[PDB]
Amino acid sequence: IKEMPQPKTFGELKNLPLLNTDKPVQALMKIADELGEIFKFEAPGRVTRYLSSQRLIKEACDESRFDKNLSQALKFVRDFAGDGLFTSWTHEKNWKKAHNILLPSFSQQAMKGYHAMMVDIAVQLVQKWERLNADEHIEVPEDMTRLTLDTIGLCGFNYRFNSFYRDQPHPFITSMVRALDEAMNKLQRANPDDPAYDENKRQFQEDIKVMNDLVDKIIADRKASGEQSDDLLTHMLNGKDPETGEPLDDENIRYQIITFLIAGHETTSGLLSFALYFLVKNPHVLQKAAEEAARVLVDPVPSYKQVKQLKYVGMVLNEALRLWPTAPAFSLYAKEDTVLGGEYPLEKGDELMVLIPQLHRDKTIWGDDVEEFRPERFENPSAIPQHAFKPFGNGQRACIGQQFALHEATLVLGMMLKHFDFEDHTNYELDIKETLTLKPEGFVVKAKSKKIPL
């Protein structure tokens, strides 16, 4: 049995001031580089252990030994995402019920149904870029977030956010972004009761009311009309859990909708942003990806079958998820006393944090070149060890949106590479903003149209 290292302390605040930074995940990554595969992290009233090696993470991913934990980030997001799938405990009735009802909505087979809606928004992105003047550039995370919010609005509840028509966000989205900001800033506060945060707390309750009022009105307007659009909302109003035989109640459906809107706004847009970043920084890779896009997407409207043929585009997306998994951590608790790694005794209830960006840099798995962007690592899916690559979390609590996200990202990146050449005209220095997720702030490019009709 071994004693684990611990980063520098601040007296009675223990390690908590290490999170007083706009880039706490990047700070924890640097601490893992200094300390190794495991370190203890303490705050007043709390202890966790940060894991970075595939050796320890493969054990943490054993569902017989560990279940999903709500990290302080997720407990704070739970104040507006409720017992939706992302912020429920595995043992809460609504977790398994919603999981069983929603799984078929999110299958690879269901993607054939969403494809046409995804294409609608992707074509809006391509037309936006085709219509820029010579002197203009693209704001990449801004445009990718317009796309992914619109896609989940249309697939989620047949609602057009029309993000490509506006500068200012939808009222729901201003409240959702401000609530995500509160939840993520609050876990850093050395003195959460400071009157300096009274206004933040007032605003947070206001933002919860806005999200609830607006989503509850979407649900009630849909129940009033009777309309049967092929969207997640229809599936949730109609679907029955085989186990309980019950449908979701209207409060839980509201939490699921809020949850899908957080996911679409925060995650897939980060992935696309990082992927285009690595492509403009790696022109050999961009050429191989653009060759596949040109050869496969032979029609002005991509088909479902064509998007499945974009093998290398998919490899690019996986390599971007390796280096910068946009949802960069997940948390576990020990179901019972257990020894991790033959070395670290844990008691029932003990928490672990999985630092996904560090897992994905384990040289014992990936080799010495871990910082290089090389989609060829993913040529042969067989060759990636179990629990080596975990950008969608683990087991029954893995991302239900994984197929949706990869379908949208493969479609959109393929269309981008078909329709334009890209220039890193500013020699962009990567600057990773942390919200719920990671995104490359201030990333801009110029696109030169290949002048291929839609």
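Residue positions are given as counts along the sequence shown, with the first one as 1. Between two forms, the rigid core is defined as the largest C-alpha subset superposing within 1.5 Å.
Of the two stretches examined, 182 to 190 and 68 to 76, the one with higher mean CA deviation in 9 other deposited structures of this protein after a rigid core fit is 182 to 190.
Between stretches 137 to 145 and 230 to 238, greater average Cα displacement in 9 other deposited structures of this protein relative to the shown form, fitted by the core, falls on 230 to 238. Stretch comparison (167 to 175 versus 308 to 316) by mean CA B-factor in the PDB entry places 167 to 175 on top. Mean CA B-factor, 262 to 270 versus 211 to 219: the higher value falls on 211 to 219. In this structure the maximum Cα B-factor among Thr151, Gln205, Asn133, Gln256 is found at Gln205. Between the residues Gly82, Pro375, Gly341, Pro283, the entry's highest C-alpha temperature factor is the one at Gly341. Among all modelled residues in this chain, the alpha-carbon of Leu438 has a temperature factor (C-alpha) in the lowest third.
When the modelled residues of the chain are ordered by their C-alpha B factor, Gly349 lands in the highest third.
When the CA B factors of the chain's modelled residues are split into thirds, the value for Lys201 lands in the highest one. Per-chain ranking of the deposited C-alpha B factor places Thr145 in the lowest third. Per the deposited record, the Cα B-factor of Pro385 falls in the highest third when ranked against the other modelled residues of its chain.
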